[PDB]
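What follows is a set of notes on a single structure, which appears directly below.
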Amino acid sequence: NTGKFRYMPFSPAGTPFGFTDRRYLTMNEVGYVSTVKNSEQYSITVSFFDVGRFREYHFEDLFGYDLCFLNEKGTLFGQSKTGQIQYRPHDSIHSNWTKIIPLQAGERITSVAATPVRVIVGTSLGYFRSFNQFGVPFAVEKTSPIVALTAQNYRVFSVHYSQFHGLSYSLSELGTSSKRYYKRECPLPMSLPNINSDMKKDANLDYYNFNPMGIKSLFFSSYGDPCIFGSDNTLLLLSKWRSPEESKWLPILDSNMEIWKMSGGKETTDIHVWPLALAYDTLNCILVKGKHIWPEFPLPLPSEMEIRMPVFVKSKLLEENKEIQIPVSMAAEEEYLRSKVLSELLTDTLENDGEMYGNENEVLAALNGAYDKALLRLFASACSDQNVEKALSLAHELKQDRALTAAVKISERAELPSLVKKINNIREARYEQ
Amino acid sequence: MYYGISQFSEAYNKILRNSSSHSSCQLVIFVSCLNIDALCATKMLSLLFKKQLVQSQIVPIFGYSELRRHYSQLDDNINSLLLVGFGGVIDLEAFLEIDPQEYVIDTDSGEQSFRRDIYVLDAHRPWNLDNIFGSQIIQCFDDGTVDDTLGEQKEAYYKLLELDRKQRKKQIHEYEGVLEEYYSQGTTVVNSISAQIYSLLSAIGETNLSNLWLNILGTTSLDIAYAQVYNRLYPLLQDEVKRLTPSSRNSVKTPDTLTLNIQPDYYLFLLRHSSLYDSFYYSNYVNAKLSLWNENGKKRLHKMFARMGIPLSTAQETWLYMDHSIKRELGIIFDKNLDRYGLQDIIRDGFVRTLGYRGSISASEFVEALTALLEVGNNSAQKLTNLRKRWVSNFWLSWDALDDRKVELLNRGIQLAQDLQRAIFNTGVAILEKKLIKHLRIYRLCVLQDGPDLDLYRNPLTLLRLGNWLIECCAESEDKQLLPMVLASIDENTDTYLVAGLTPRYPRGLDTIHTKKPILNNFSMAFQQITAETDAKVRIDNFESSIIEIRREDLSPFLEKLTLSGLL
Amino acid sequence: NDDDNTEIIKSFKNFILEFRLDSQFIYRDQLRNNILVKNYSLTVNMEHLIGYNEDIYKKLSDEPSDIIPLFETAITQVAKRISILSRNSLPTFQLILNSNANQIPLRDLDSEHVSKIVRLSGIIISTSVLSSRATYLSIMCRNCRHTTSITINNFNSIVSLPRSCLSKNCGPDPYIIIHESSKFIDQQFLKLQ
Amino acid sequence: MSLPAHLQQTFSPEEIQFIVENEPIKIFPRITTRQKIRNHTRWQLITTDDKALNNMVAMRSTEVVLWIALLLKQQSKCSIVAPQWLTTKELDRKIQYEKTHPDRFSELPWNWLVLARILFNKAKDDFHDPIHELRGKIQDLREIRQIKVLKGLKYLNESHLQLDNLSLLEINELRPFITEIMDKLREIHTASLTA
Ligand SMILES: [Zn+2]
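Chains as they are written, first to last, in the authors' numbering: chain F, 470 to 791, 814 to 924; chain E, 1 to 108, 111 to 166, 223 to 436, 461 to 650; chain 5, 20 to 106, 130 to 200, 205 to 213, 234 to 259; chain B, 1 to 38, 46 to 202.
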């Protein structure tokens with residue numbers, strides 16, 4: 470009845486006050502918000518990354534806001550206790566408004582969100598109150614206690630936690646005129662911090678007090694794929710999120726493993742990752758170096774990390790015990828997996844969401860070329876073991892027929908005359924397919 | 001109102017749309033030299049337009065005649081004009097011979115557009131109602147006074163404008235009385251231009267530590283003569299300093315750290331760049347509270363220093379080399395031994411900026427250095467123009483002093499400030515010993531006819547410095563009632579005087595009901611009225627309205643008519 | 020006293036290494052340029068030393084005759100660091139101070155200011171011929187021929207040969243100076259009026 | 001004549017900076033010139056590649072020529088990413104290499120001095136490490152490399168010389184001395200070998 474029961478307010482990529490007056494309310498992909506106390510009250514400052522479409526501004530604040538959320542068209546402010554929310558569009562044509570949420574006993578706003586169609590406010594009790602852009606209420610609903618919120622242009626993603634139902638997420642696309650649902654209270658595989666919260670941590674107690682669940686961010690992708698980051702330091706993507714039956718939770722990045730393999734060999738713990746957004750292998754995250762997990766007021770440059778599957782085995786990686816060497820046998824397989832998942836993700840948005848930048852087809856073609864190159868390398872590796880059935884099985888997934896001809900050449904050159912006939916038979920079958 | 005606080009961004013965006021073309025330079029900024037506030041505001045504008053690559057020209061203008069001549073010379077391509085530190089108290093369209101029909105393009111459709119926009123930017127409160135209300139070309143950066151304290155004047159102006223029997227004539231006179239009582243008011247200052255432009259920057263989001271420092275300098279330029287304005291604006295600067303300072307406090311000093319700090323900044327004269335004894339001795343406030351001009355004052359000062367337990371050898375030591383024992387106990391010593399002499403107001407809070415390893419400096423010292431650089435940085463109608471040329475040139479010395487890479491110029495400014503304060507003190511003790519100030523029932527006249535270094539006082543800034551010295555001395559004398567003062571200084575080469583009608587002020591740190599109401603300088607209207615009749619070769623061109631140049635022979639009849647004039 | 024001496028040396032070493040006003044390490048560059056032309060000295064301004072760390076200036080101005088040799092040692096160590104490739131015989135560098143403190147009149151130098159740093163003005167009326175003060179004093183025991191060395195700082199407190211054989235009794239004063247292995251520096255006596 | 005005396009056979013340091021400014025660098029844009037699927048003027052330059060400039064996406068690292076990265080950094084419209092060699096760990100590694108091998112220079116990039124100066128002046132707030140320490144390590148590297156040069160200018164024969172791994176600014180400043188002392192020691196040799 471304590472600890473995780475504290476539905477303390479949380480905003481994406483939040484920050485605790487710590488030992489100073491500077492606090493980061495939110496770090497979306499479009500900017501960050503910081504608060505400083507003027508010895509009696511807070512002065513909010515909102516900055517934007519894409520300087521050229523927005524202009525940063527700072528205003529005096531008297532209510533002491535605890536929640537924030539930045540969109541491409543406006544930002545929303547919230548309060549934990551007596552949670553009077555405030556919504557302020559960036560453009561001056563739309564006038565900002567404030568509203569007072571219905572607060573009950575023991576109630577406290579946990580997360581806030583906004584969308585050009587509707588604005589959504591969370592509640593520790595589990596309410597799902599929503600309003601229009603201009604503040605007029607639209608509907609009031611009750612669900613499992615909401616702890617976090619993050620919204621894309623037209624879709625809203627939330628994670629519900631309760632002491633009885635557990636961590637349940639829900640991805641709902643409000644839409645301009647059609648509230649098409651995609652998930653509702655479905656279980657999620659995120660690992661809540663339990664062992665690490667058993668009074669054994671250094672400088673992490675304050676951050677865990679700031680966020681009981683330790684979930685750092687719920688940022689989307691450039692193609693609408695939800696992503697999760699927290700204590701386990703592994704991204705969680707929704708590959709086939711369009712179909713509820715096709716739900717897929719794929720760990721796409723392993724922060725600790727990548728940090729170790731780029732650090733020279735040490736299992737360094739002084740490097741902490743604060744993710745901001747992900748866009749097609751481009752994970753923007755501040756890599757703070759020190760004992761403090763959260764960054765400081767001079768927000769460092771958002772260094773980019775690339776996605777990598779947790780296929781890296783320690784036993785194979787410690788071949789050269791101490814530019815960490817990578818096993819070439821497994822490196823190509825991991826590249827195959829990455830190309831596979833990226834192609835699958837891109838195909839979902841190709842026919843449905845349409846072209847986004849005008850180069851998705853070309854990058855998909857290059858990715859498919861690399862996908863078949865990985866298959867060719869694995870085919871050669873299997874042929875190196877004189878396992879004809881292994882190469883035959885791997886050759887059935889080839890996409891380009893020119894790669895299949897290259898596989899024929901590999902079979903005819905890698906001391907495998909018997910593989911020649913089977914790969915030629917596959918090619919001849921593909922003639923009619 | 002014309003441009004409120006909340007719509008400065010609209011003016012900035014209008015300027016950007018009209019003249020942010022890299023093809024040419026269509027923006028011209030007219031800055032009034034001999035004004036630190038305008039200098040800091042123009043530095044802010046220069047930095048802001050450098051960030052956005054808006055080509056601009058900055059012209060230092062000394063007087064209204066120069067403004068008119070430059071506007072006549074101004075090309076028609078320039079479609080954006082900024083007047084910084086002046087233009088808000090005169091009929092600019094009438095003064096510059098502006099008719100809106102010759103500057104209007106695309107009249108249609112309830113809207114109007116003009117081919118040139120003049121943005122006046124100053125703090126003198128007698129807003130000309132034909133500028134703030136009855137002109138579209140002239141755009142005034144108001145600070146919120148007009149939208150709140152000019153409703154009656156707005157109604158009176160509009161009724162007379164629209165109306166071009224007995225009840226109608228009576229009401230017209232009643233309204234015209236409202237306009238008239240609005241005029242015949244002394245020219246005061248309510249805000250600082252630097253704070254206004256910093257508010258605009260906060261709206262745009264370009265605020266940073268350098269802009270905040272320029273804002274602090276511009277505001278601190280007002281603490282000598284308009285201490286109510288400085289006390290009004292101080293909390294905003296205090297909040298901004300806390301907002302902008304990085305959270306990495308108590309860190310080790312590195313050769314790159316720039317630190318704005320709010321620490322005890324005693325109201326002495328160049329405390330950190332001169333000896334403690336010289337800081338007390340040449341302070342205006344200490345002089346007023348101790349009357350150091352007479353012989354007994356120096357004895358009082360020595361007795362005070364002995365009372366605090368500071369040896370005269372240590373007291374006269376340069377502040378850098380003062381023993382760390384005494385220098386670290388200044389707060390405690392001043393707490394113990396200042397209320398005895400009535401100098402409790404000396405203790406104060408100010409802003410101190412340290413740039414790496416270059417040593418501290420406060421805004422109060424920085425503005426004194428800038429003022430010194432403005433004053434002494436470097461038959462009759464021609465030598466005066468040479469003086470104007472030198473005075474314009476000094477503006478660029480004071481401008482270059484702001485740059486962090488020219489500290490060797492700021493140190494020269496500090497040295498010049500010490501020399502000028504020494505000269506001011508010498509002339510003040512010369513005036514107060516000979517009893518040159520002739521007490522009257524209207525205004526305490528004082529004319530400088532002969533003496534040493536009398537060529538320093540042809541500069542309006544140095545004359546105002548001496549006047550502030552005298553006014554501070556007189557303000558702390560209870561017997562002397564408040565009364566405007568007049569200073570004159572004969573220029574032998576041009577055979578002309580420089581009359582500078584001043585204004586009295588209440589003792590510093592004395593807050594009462596009558597102190598809240600500001601004192602208004604009525605000399606501008608008196609001078610203009612006296613000059614309109616009885617042609618006397620008076621040159622009323624200064625943006626500082628209460629300063630004129632009068633012939634040597636015509637000075638006495640001018641003062642006689644001014645005595646007969648009950649306007650002030 | 021070794022720990023405090025090492026701390027002072029390290030502090031002034033860091034002053035030499037880290038001090039820069041605007042993009043140029045003034046004292047690193049000055050030290051290297053001085054070494055290049057065989058000018059084993061370093062003209063250290065006092066405003067810079069105050070601005071860097073006022074505690075160092077307080078320590079120096081408290082007991083100059085005990086701190087200045089430490090600062091010369093720090094200068095020598097920095098010189099070895101920035102002019103010799105790691106993996130000697132470099133003279134102990136001389137510290138030359140520049141100050142802008144108030145000048146004390148020559149007649150005002152009284153019982154106080156003793157052992158303090160004073161800046162004063164006058165006119166030279168006499169210059170002695172160069173003497174020779176020893177710095178490295180190679181020394182040998184008279185009886186047991188126990189050769190050792192002594193290093194002199196030349197900042198008189200307010205040193206002599208040891209009154210012991212210092213490794234049979236060898237007498238009370240068993241040391242004779244070896245003049246072919248000692249190293250000397252030139253010293254001149256002025257006379258200010 | 002047409003070319004001044006001080007520009008006869010060397011490059012002024014301004015020309016060295018000009019040469020360095022043509023090298024590509026990686027930046028984080030603060031604008032977005034990528035045209036959406038749903046006008047605008049493109050760069051279409053003639054001495055570099057405009058492809059990476061018309062496709063900038065905010066906070067998505069690209070590579071542009073340095074003199075354009077600086078031009079954007081004049082406003083707040085980009086953020087120059089410091090090269091990997093310009094970090095405290097790599098600078099310490101190079102300093103250790105210099106102190107360990109007293110006969111050969113470290114493998115620093117040819118533009119390390121010029122790039123360090125330019126980035127410290129124009130991009131002073133884009134370093135993950137405190138710039139007050141990067142400056143102190145750049146100066147240390149310069150001092151060690153100057154010590155090694157002065158001890159190799161002691162090998163100025165008349166045949167040739169191998170200044171391996173030396174930077175561009177160091178070579179530029181040593182050119183008028185080395186290439187004019189070796190000329191004299193060659194003229195002496197050829198005069199002797201007149202038989
Ligand atoms: Zn012996």
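The C-beta atom is built at its ideal place from N, Cα and C for all residues, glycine as well.
(message) Let me see if you follow: with CB-CB separation under 8 Å, is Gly-367 (chain E) close to chain 5 or not?
(response) no
(request) Could you tell me whether any Cβ in chain F is nearer than 8 Å to the Cβ of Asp-145 (chain E)? (result) no
(request) Could you pull out every unbroken beta strand (DSSP E) segment of at least 3 residues lying fully inside the region 129 to 155 of chain E, listed in chain order? (result) 140 to 142
(message) Out of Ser-180 (chain 5), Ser-199 (chain 5), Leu-132 (chain 5), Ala-176 (chain 5), which one is the CA nearest neighbour of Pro-83 (chain 5)?
(response) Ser-199 (chain 5)
(message) One question on the structure: do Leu-837 (chain F) and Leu-855 (chain F) come within less than 8 Å of each other, judged by their Cβ atoms?
(response) yes
(message) Which residues end up in the neighbourhood of ligand 1 when you take C-beta atoms closer than 6 Å to any of its heavy atoms?
(response) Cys-183 (chain 5), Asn-185 (chain 5), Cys-186 (chain 5), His-188 (chain 5), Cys-211 (chain 5), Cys-236 (chain 5), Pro-240 (chain 5)
(message) Determine whether the beta carbon atoms of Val-410 (chain E) and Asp-323 (chain E) lie at a separation below 8 Å.
(response) yes
(message) If the cut-off is 9 Å on Cβ atoms, which residues from the region 72 to 87 of chain B count as contacting chain F, listed in chain order?
(response) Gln-82, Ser-83, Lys-84, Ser-86
(message) Within 10 Å of its beta-carbon, does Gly-87 (chain E) have 16 or more other beta-carbons around it, so buried, or fewer, so exposed?
(response) buried
(request) Helix, strand or coil for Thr-840 (chain F), going by three-state DSSP, please let me know. (result) helix
(request) Return yes when the Cβ of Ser-83 (chain B) is within less than 8 Å of the Cβ of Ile-27 (chain B), no when it is not. (result) no
(request) Quick one: grab the DSSP three-state call for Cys-186 (chain 5). (result) coil
(request) Let me know if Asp-124 (chain E) comes out buried or exposed under the rule of 16 or more other beta-carbons within 10 Å of its beta-carbon. (result) buried
(request) Determine, using beta carbons only, whether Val-581 (chain F) and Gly-543 (chain F) come nearer to each other than 8 Å. (result) no
(message) Tell me the DSSP secondary structure of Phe-479 (chain F) in three-state form.
(response) coil
(request) Per DSSP, which residues does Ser-80 (chain E) bridge with? Please list them. (result) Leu-27 (chain E)
(request) Have a look at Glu-238 (chain E) and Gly-389 (chain E) and give me their C-alpha separation to the nearest angstrom. (result) 52 Å
(request) Using only alpha-carbon positions, find the residue among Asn-753 (chain F), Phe-633 (chain F), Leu-770 (chain F), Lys-717 (chain F) that is nearest to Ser-691 (chain F). (result) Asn-753 (chain F)
(request) Report yes if the CB atom of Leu-704 (chain F) is closer than 8 Å to the CB atom of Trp-718 (chain F), and no otherwise. (result) no
(request) Report back the beta-carbon spacing between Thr-95 (chain B) and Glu-140 (chain B) to the nearest angstrom; my notes put them in contact at under 8 Å. (result) 6 Å
(request) Mind the definition here: the region 268 to 280 of chain E touches the region 422 to 430 of chain E only if three or more C-beta pairs lie below 8 Å; say whether that holds. (result) yes
(message) Please report the distance separating the alpha-carbon of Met-567 (chain E) from that of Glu-642 (chain E).
(response) 15 Å
(request) State the Cα-Cα distance for the pair residue 109 (chain E) and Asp-132 (chain E), rounded to the nearest angstrom. (result) Here chain E breaks off after 108 and picks up again at 111, leaving residue 109 (chain E) without coordinates.
(request) Return no unless some Cβ of chain E is closer than 8 Å to the Cβ of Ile-138 (chain B). (result) yes
(request) Would you list, in chain order, the members of the region 150 to 184 of chain B that have their beta-carbon closer than 9 Å to a beta-carbon of chain 5? (result) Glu-150, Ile-151, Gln-153, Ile-154, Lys-155, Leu-157, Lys-158
(message) Quick check on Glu-560 (chain E): buried or exposed, where buried means 16 or more other Cβ atoms within 10 Å of its Cβ?
(response) exposed
(request) Count the C-beta pairs between the region 372 to 391 of chain E and the region 236 to 252 of chain E that are closer than 8 Å, then say yes if the count reaches three, no if not. (result) no
(message) Measuring only the C-alpha atoms, how far is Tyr-749 (chain F) from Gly-693 (chain F)?
(response) 11 Å
(request) Enumerate in chain order the residues of its own chain whose CB-to-CB distance from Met-63 (chain B) is below 8 Å, with the five nearest sequence positions on each side excluded. (result) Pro-29, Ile-31, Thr-32, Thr-33, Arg-34, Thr-69
(request) Output the distance between the C-alpha atoms of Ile-90 (chain E) and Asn-604 (chain E), rounded to the nearest integer angstrom. (result) 15 Å
(request) Go to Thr-645 (chain E), then tell me how far its alpha helix (DSSP H) extends in each direction, as first and last residue. (result) 637 to 646
(request) Could you pull out every residue in the same chain whose Cβ sits closer than 8 Å to the Cβ of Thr-169 (chain 5), ignoring the five residues on either side in sequence? (result) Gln-254, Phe-255, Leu-256, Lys-257
(message) At a CB distance below 8 Å, what residues from the region 28 to 54 of chain 5 approach chain B? Give them in sequence order.
(response) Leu-36, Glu-37, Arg-39, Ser-42, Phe-44, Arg-47, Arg-51
(request) Look at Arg-118 (chain E) and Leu-96 (chain E) and say whether their C-beta atoms are less than 8 Å apart. (result) no
(request) Name the residue from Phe-532 (chain F), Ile-740 (chain F), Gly-595 (chain F), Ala-583 (chain F) whose alpha carbon lies nearest to the alpha carbon of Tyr-476 (chain F). (result) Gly-595 (chain F)
(request) Kindly indicate which three-state DSSP category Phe-600 (chain F) falls into: helix, strand or coil? (result) strand
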